[PDB]
């Protein structure tokens, strides 16, 4: 139940959401409940010659705002008005209160650069993350349901049972939760 919490534009983070955070060696933080699962995922990738890093875990409200504002600025520089930019940025960065990053349940995983390319990490994760309870949260073929663009770096902990079902039936989290009730 706990790891199946739905957070998106229609489901904000609950008001007094408690989370205990573990600090990784790079200073990023995650929900302490997902720690051994993320550790196992990283160990397994490295046993396969794939070297990922956690580019972003937990974010405070203000951090989310800033990430979003930066995405808005990028669209403004490419010829969007302020209003247009804000709407387009939402397809990539959630408004504060609606990011999975604010749960500590989501990590953006990149390649280390030296040993692996992005695409080798993204491919490995797509094919293996579910065995560690993580799903590719925003897949290209579910944008019409999730509201979010293809983000091959963004992985969400839901637990092994749910992740495996979601993987084999080719679902997004919203669809899985709908079919659970």
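Positions refer to the first chain, counted from 1.
Mean Cα B-factor comparison, 163-171 or 21-29, giving the higher one as deposited: Averaging CA B-factors over each stretch, the winner is 163-171.
Selected stretch [higher average CA B-factor]: 36-44 or 112-120: Mean B over CA atoms: larger for 112-120.
Options 61, 56, 143, 129 - largest CA temperature factor per the record: The record points to 143.
Among modelled residues of the same chain, the CA temperature factor third for residue 78: Its C-alpha B-factor belongs to the highest third of this chain's values.
Ranked against its chain, the third holding the CA B-factor of residue 89: Tercile = highest for this residue's CA B-factor.
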